[PDB]
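Since the structure comes first, as structure tokens, the remarks are kept for the end.
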Amino acid sequence: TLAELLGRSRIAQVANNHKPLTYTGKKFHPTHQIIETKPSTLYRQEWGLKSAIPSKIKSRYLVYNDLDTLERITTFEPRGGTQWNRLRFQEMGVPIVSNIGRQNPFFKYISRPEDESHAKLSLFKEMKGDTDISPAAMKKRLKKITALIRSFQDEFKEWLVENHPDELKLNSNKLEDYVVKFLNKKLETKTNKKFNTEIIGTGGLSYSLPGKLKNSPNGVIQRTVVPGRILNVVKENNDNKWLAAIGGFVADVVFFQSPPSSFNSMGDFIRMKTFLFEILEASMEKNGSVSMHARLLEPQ
Amino acid sequence: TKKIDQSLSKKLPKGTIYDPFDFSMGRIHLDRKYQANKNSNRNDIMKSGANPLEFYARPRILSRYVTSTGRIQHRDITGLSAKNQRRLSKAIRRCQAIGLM
Amino acid sequence: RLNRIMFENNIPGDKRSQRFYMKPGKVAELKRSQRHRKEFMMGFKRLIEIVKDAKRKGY
Amino acid sequence: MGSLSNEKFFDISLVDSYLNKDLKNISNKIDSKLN
Amino acid sequence: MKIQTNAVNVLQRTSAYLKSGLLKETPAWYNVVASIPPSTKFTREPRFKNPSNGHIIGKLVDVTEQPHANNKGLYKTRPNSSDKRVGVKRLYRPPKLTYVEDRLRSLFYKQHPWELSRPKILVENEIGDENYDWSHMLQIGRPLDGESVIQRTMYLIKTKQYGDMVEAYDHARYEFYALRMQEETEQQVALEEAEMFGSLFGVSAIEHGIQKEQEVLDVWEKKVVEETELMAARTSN
Amino acid sequence: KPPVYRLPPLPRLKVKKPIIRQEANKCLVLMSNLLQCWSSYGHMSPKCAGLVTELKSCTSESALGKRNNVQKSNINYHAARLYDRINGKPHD
Amino acid sequence: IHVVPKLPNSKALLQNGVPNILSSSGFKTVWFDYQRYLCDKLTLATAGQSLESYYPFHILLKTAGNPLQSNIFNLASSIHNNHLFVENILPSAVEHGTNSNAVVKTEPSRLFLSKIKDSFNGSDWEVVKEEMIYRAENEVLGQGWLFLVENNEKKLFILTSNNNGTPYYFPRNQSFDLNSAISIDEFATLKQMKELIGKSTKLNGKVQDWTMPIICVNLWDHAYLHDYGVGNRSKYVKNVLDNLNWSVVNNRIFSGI
Amino acid sequence: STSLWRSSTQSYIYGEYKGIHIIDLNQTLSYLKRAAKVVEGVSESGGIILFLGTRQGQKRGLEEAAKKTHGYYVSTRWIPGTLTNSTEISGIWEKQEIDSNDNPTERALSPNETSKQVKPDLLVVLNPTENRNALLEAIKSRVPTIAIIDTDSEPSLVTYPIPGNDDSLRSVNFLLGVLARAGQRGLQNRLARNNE
RNA sequence: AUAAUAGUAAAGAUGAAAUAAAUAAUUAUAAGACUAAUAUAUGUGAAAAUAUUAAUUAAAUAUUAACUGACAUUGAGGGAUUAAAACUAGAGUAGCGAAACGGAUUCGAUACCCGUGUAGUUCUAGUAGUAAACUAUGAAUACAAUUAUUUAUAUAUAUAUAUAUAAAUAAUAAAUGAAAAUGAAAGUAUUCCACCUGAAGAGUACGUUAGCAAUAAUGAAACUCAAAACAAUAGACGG
Ligand SMILES: [K+]
Ligand SMILES: [K+]
Ligand SMILES: [K+]
Ligand SMILES: [K+]
Ligand SMILES: [K+]
Ligand SMILES: [K+]
Ligand SMILES: [Mg+2]
Ligand SMILES: [Mg+2]
Ligand SMILES: [Mg+2]
Ligand SMILES: [Mg+2]
Ligand SMILES: [Mg+2]
Ligand SMILES: [Mg+2]
Ligand SMILES: [Mg+2]
Ligand SMILES: [Mg+2]
Ligand SMILES: [Mg+2]
Ligand SMILES: [Mg+2]
Ligand SMILES: [Mg+2]
Ligand SMILES: [Mg+2]
Ligand SMILES: [Mg+2]
Ligand SMILES: [Mg+2]
Ligand SMILES: [Mg+2]
Ligand SMILES: [Mg+2]
Ligand SMILES: [Mg+2]
């Protein structure tokens, strides 16, 4: 049918997005899907959208929100520049590593309840992870849940007197433990936030596995040298490290001992010059940012 | 001169991604144009769900929605819903009558 | 800086408006018209921004 | 927990089980089990 | 705008010209239009089913069909106010098409933000030629991307290999990671192998960015200097 | 949530006096600096020598220099061209 | 989707291979299997991208200057090179399937033998073939390609490539193996090439090269191992150069009529 | 966009998706086939077919469609009055006499024959929302018309509507090509019956 | 307004003027009236009206459950409420301010501007029932094509949006209309009430009823005339 075809159409494949096309806050990762048109189609203003893109657009990459609007225009920005940030990261050949030494999210590991010993930490995270929830929809998590949990009273009024009667007659320090486990055991079958929207690992920035060496005609490369730019002429206030602009990413540059004298000389125009840096490590934070650490390799 | 006004230079945060356009003057102007106090909601008690009328005895919180002379700010400036603006104004007027604001 | 406070609290305007008495009906008419002009200007600026955005994208 | 709760501020479950011979018919049941 | 009458009746108005004799010669279109009548009803048509999800439109559940108690513990014994409002408008409003895959697509790109940075071509080639066997993720003719994961997830739930959508989705995600890792290595190794055989490249991606940033930073230098001199004069006032 | 205000149908969309960025005259800024230089270091002070030399060259032929920055705004051309498309008016 | 081109007299090729060079099994590996292997990988690499609508020769030129697209370049170069090799070693380019033609006597043309003498200091074609066999054995340790190429100066010269090295674009000829040791003369050639690539003003850092292949010999294991075996690649190159289809090779030399 | 919906097109809508209305292609195909047969009939009958489209990029499709149907096209601007005021606009331009094979007879035309209105037998409009003038003139002149009708376009203004996207050059050129080939087949069948 | 304090010689007003130990400043005391921002009269109220605070009493919303079982709509007569001004008593009286008396302006100025400023404006208890008391649009019911924007209720979740159903407002299709325009009515229909029948005379005269009174309600005819009126069009003119 036509409905089946539409669901699989290339336009349906693009997930709905209404995030501001002009965002002036902090950008940590791509927010819009880049659309590309071939040179032949660009010559005919064809992008596979509803309407022809104006001929003024010469780029072959754009990002859009709405196919059509009440203003009879498409809401789009003729830019595709987050792809070059990803490809420049690939050229730096620095694998992303976990600063906490967690399991690789891209491998199906056999995990155990080592961290599940915090059942009361995360079972209540469902009601306590409400930082940005409505004052009454979050309050609907109190009566709606209470009825659901109150429907298991009979089950827990028998299991507890059949598996741990001593605690019911001595102390509730262990009873509270049996309660947290009970609900989780009766909730694992349930589906509360069964889909987790948190970023998985690198989020797709890099699929490179650590360990491989870079062979070169001049021998194996031991230190990666990448051109960059120093943004500030004074270390980040309250931090012992300056900031550099390397390959579309802002890194923290650590200097060997002293800061090169071109800093004082150039002043606030220091960004006008290119320096060579060494990328020590790259980490991924939960916000979805990349923590790139560099070192200002100076001619010596 | 080795110095530039802060208004003529953009400081790229740490951990963020950038494009060559971020070093241009257009970025400076674009950041000024689209500079709105959108982070207020998370710091705005009255945009969180509390009833502004419960703060009639807390002049410090209420003093955040009046000018230097005590004039209640128009809803266009506070950004509150009609109900919260209505309740907030009542709270301030009651606070003034009690002798606290 | 002091002048900015006066203008942000409408001190000069209020003083002038208190020199002569205006009938309540006239006061209401003036308040209605002023609000309309304020709202009209906001709608005008919204349409100009769309024009500029449309021009930038080649429409 | 309901009737078999440890909270100082309990609910009507406890008062209902008392007047319904439940908190007593379970105390004896538990004690009988201990025997 | 009013339903026009004169555009669809050209044949009948022309026929009056010919019968009276005002028009001597029959127009060339006259016979063609007579054999192929225009559609002239221009009516609004009811619809009783959403083609996307098969939801039935125009069905009222009677109280006799709700014998059991509700979530509140109360029985339904009389129609409610909503049941007593005519719903003819729903028959004529274009149905909102919805798809389960849309929910998964949003999830995938929320979990993998950088997948958005991989350019997607919306221009179709020929939808009718797609002969895909979704037992495997890779397919000849289409790229490996988020859609590969979604279609794989649907095939798993359609074949009933997995029951929960989450489990099928997770299974597809790992297959996607494996294919993404094999490609990241083929490209790295291909570059390394070429340089070892004497391949030369003019400008690298990192170099391209530096040059573009220099062009912008040069214009920015001029303006800063100019605007740091007008301020000095204007402030001197 | 930010209140959108929609205008009624209008006979025109026009800016009464379009704002234009008028770059400052280079000779006038030079004169404003030289005049200030004389105010601090004194009139004819050797510190303002360069200012005097620059001012003379700027004004040598034309007292306001080669003014070639005249500009007119195109907002009214585009506003009238696009208004019917973007005003969101209902169909006829 | 990139599909394997249909070859003339394909039924004969699938039964008796290529007489005097490859057997039926040997030709199935080099063309019917390897060409399918390459085209499928190229489709997977390029599907969903603008490169899908371009022929392999155009793809290699477009991607020659992009370091991170080398995988696509390698696949495109191999596909184009393989059909250049399979085309000049083919019994007959015309499809004599219904004409049952068994008399194809193709010999070097007068323009080809005139350019050989001019560019090789009077050496005969037979001597040049010996130089080609020698160059392949001493310059291509592993996989690669042997080409007889013509440059913008009308001079025929011999080029050897390592793995998938294009003859059209000198920065990607891959004629020097840097895994082993290189002489100062080879380093000078590489240094001079790097300077030429740096003189280009284009933002893509691309140069103009008008070299064009005339003869292509596949030096990959997919072409000779099964029929000749490890170490017998010089006997394979000798047979290929002695049984070339000169209707194709002569047509590759520009005449100007 | 659903915000720009002209509810008179309700019967052509398949549904709404991503803030736009989806046109029912099952109806588009039936309307397209009906419209195509009309073009073929007029072409096979020797009528004048004019292709009107004034959106940027449409000229190439319009010129080829006219060439393969031996028709006419206008890509720049429809002069208001071209049909109702034809003598003041089109009288000066040259006419010619042709045989059943569409070959110029070369007969000189009397000044009487060179001033008479030459009215199109069929008008095809790619963008009817911007060509109200042409559509109204066709109605006044009793000229059957074909047009692509988008969700915001009035269907009743044309004899044979084709529901479909009128904003994409691919969609327009796809529909125009089908109509142009239909005309070509009619032209070839008329030239064939003359030979035999 | 008064008193004190130091400190002075002008102050106040206006288009410009002139009439009637100060002005200004810092304190203290007294009085009456009014209610800045918020603010949109949004909302609420039958209308008139209603925006400094609190309290008491009364009334007012949506959905759900149960119940009554047409108990409804409209409404002559009737009844109640009803801005401002006005009036009858008793308080109050700062500011404002008909009138009056003065100062100016002016050819004149029974005005516009200025001064002194009485009634009135305020409160309590009443009388009276009139306004461009207007949306110049009586009330009720059924129904008809869209968009946008808020509000409310409900639903869902991969939790903050999304999906629904109503209300309000804005712009419209159709329809209607003399058109201007109306737009869920000034549309399609139904039910009930009020009212109109050329202008002027006239909402006048007379009578009657009511009121302390001013007045309010009711409400003609003769004579005369072929006029009179509305929307819109193009002009001309505009201190
Ligand atoms: K109101
Ligand atoms: K009954
Ligand atoms: K009654
Ligand atoms: K009555
Ligand atoms: K008084
Ligand atoms: K009535
Ligand atoms: Mg359209
Ligand atoms: Mg005083
Ligand atoms: Mg107020
Ligand atoms: Mg209101
Ligand atoms: Mg009544
Ligand atoms: Mg009043
Ligand atoms: Mg009195
Ligand atoms: Mg007087
Ligand atoms: Mg006088
Ligand atoms: Mg007076
Ligand atoms: Mg009374
Ligand atoms: Mg009266
Ligand atoms: Mg009256
Ligand atoms: Mg009123
Ligand atoms: Mg009622
Ligand atoms: Mg009277
Ligand atoms: Mg009038």
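A quick note on method: Cβ atoms are made from the backbone with ideal geometry, for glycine too, and the neighbour counts reach across all protein chains shown. Throughout, read-outs are computed from the coordinates displayed, never taken from laboratory work.
Couple of notes before you dig in:
- Summed over the stretch E:136-162, the residues that are touching a helix residue (DSSP H, G or I) at 6+ places or on another chain (Cβ under 7 Å) and either within 16 Å of ligand 7 (Cβ to nearest atom) or more than 14 Å from chain G (Cβ to nearest Cβ) (or both) give a count of 8.
- Of residues in the stretch G:1-49 being within 18 Å of the chain's Cα centre (by Cα) and among the β-branched types (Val, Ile, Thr), the one nearest to the other protein chains (Cβ to nearest Cβ): G:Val4
- Unmet criterion (only one of (1) of a type in the set (S, T, N, Q); (2) more than 11 Å from every other protein chain (Cβ to nearest Cβ); (3) surrounded by 14 or more Cβ atoms within 10 Å (Cβ to Cβ)) for C:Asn9: (2)
- Qualifying helices (runs of 4 or more DSSP H) (wholly inside the stretch G:180-257; at least 3 residues being closer than 26 Å to G:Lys154 by Cα): G:184-199, G:233-242, G:246-251
- Members of the stretch A:261-293 found to be under 21 Å from B:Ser9 (Cβ atoms) and touching a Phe, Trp or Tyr at 6+ places or on another chain (Cβ under 8 Å), listed by number: A:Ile270, A:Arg271
- Single condition A:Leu205 does not satisfy, out of (1) in contact (Cβ under 8 Å) with a residue 12 or more places away in the chain; (2) surrounded by fewer than 17 Cβ atoms within 10 Å (Cβ to Cβ); (3) within 14 Å of chain B (Cβ to nearest Cβ): (2)
- Verdict on E:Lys19 being more than 10 Å from chain H (Cβ to nearest Cβ) and farther than 30 Å from E:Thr98 by Cα: yes
- Only residues that are away from chain C (no Cβ under 14 Å) and near RNA strand I (Cβ under 6 Å from one of its atoms) were counted across the stretch B:55-85, and they come to 4.
- Among the candidates A:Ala147, A:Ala119, the residue that is assigned to a helix (DSSP H, G or I), more than 19 Å from the chain's Cα centre (by Cα) and more than 13 Å from every other protein chain (Cβ to nearest Cβ) is uniquely A:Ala119.
- Residue selected from the stretch F:73-92 under the condition touching a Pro at 6+ places or on another chain (Cβ under 8 Å) and facing another protein chain (nearest Cβ under 8 Å), by the criterion nearest to F:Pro9 (Cα to Cα): F:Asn87
- Test: residue in the stretch G:211-218 that is buried (at least 19 other Cβ atoms within 10 Å of the Cβ), touching a residue at least 40 places away in the same chain (Cβ under 8 Å) and within 30 Å of A:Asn218 (Cα to Cα): yes
- Residue under evaluation E:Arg103, criteria (1) outside any helix (DSSP H, G or I); (2) free of Cβ contacts under 8 Å to residues at least 12 places away in the same chain, criterion not met: (1)
- Matching residues in the stretch B:8-50 - criterion: being hydrophobic (A, V, I, L, M, F, W, C), over 21 Å from A:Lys273 (Cα atoms) and assigned to a loop (DSSP other than H, G, I, E, B): B:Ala36, B:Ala50
- Residues in the stretch E:111-118 include at least one that is within 12 Å of RNA strand I (Cβ to nearest atom) and either surrounded by 15 or more Cβ atoms within 10 Å (Cβ to Cβ) or within 30 Å of A:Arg60 (Cα to Cα) (or both).
- Test: A:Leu49 is within 16 Å of RNA strand I (Cβ to nearest atom) and either farther than 30 Å from A:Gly247 by Cβ or among the aromatic types (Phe, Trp, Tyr) (or both): no
- Within the stretch C:12-38, tally of residues that are within 14 Å of chain F (Cβ to nearest Cβ), within 10 Å of RNA strand I (Cβ to nearest atom) and over 25 Å from B:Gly70 (Cα atoms): 1
- Unique residue being touching a helix residue (DSSP H, G or I) at 6+ places or on another chain (Cβ under 6 Å) and within 25 Å of A:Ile100 (Cα to Cα) when the list is A:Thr202, A:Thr224, A:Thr197: A:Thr197
- The helices (runs of 4 or more DSSP H) located wholly in the stretch G:1-62 that include 1 or more residues which are within 16 Å of G:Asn164 (Cβ to Cβ), touching a residue at least 24 places away in the same chain (Cβ under 8 Å) and basic (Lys, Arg) occupy G:34-46.
- All positions within the stretch A:220-234 that are of a type in the set (D, E, K, R) and surrounded by fewer than 15 Cβ atoms within 10 Å (Cβ to Cβ): A:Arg223
- Residues of the stretch F:1-19 satisfying the condition of being away from RNA strand I (no atom under 16 Å from the Cβ), more than 8 Å from every other protein chain (Cβ to nearest Cβ) and surrounded by 12 or more Cβ atoms within 10 Å (Cβ to Cβ): F:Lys14, F:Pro18
- For the stretch H:101-133, filtering for residues that are within 16 Å of ligand 7 (Cβ to nearest atom) and of a type outside the set (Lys, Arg) leaves 7.
- Entry remark, the stretch H:139-161: residues being within 16 Å of RNA strand I (Cβ to nearest atom) and in contact with a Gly (Cβ under 9 Å, 6 or more places away or on another chain) number 2 in total.
- Take the conditions (1) without any contact (Cβ under 8 Å) to a residue 40 or more places away in the chain; (2) surrounded by 16 or more Cβ atoms within 10 Å (Cβ to Cβ); G:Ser200 misses just one of them, which is (2).
- Options A:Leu49, A:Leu21, A:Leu42: the member that is assigned to a helix (DSSP H, G or I), out of contact with any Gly (no Cβ under 9 Å at 6 or more places or on another chain) and within 14 Å of chain C (Cβ to nearest Cβ): A:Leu42
- Flag if E:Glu186 is facing chain A (nearest Cβ under 9 Å) and part of a helix (DSSP H, G or I): no
- For the stretch A:4-30, a residue qualifies if it is within 16 Å of RNA strand I (Cβ to nearest atom) and in contact with a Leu (Cβ under 7 Å, 6 or more places away or on another chain), and exactly one does: A:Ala12.
- Within the stretch E:73-104, the set of residues being of a type in the set (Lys, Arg), more than 7 Å from RNA strand I (Cβ to nearest atom) and within 14 Å of another protein chain (Cβ to nearest Cβ) is empty.
- Unique residue being without any contact (Cβ under 8 Å) to a residue 12 or more places away in the chain and surrounded by 11 or more Cβ atoms within 10 Å (Cβ to Cβ) when the list is F:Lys66, F:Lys47, F:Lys26, F:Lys89: F:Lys47
- Pick from the stretch H:134-192, criterion touching a residue at least 40 places away in the same chain (Cβ under 8 Å), among the hydrophobic types (A, V, I, L, M, F, W, C) and more than 25 Å from E:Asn6 (Cβ to Cβ), ranking: farthest from ligand 7 (Cβ to nearest atom): H:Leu191
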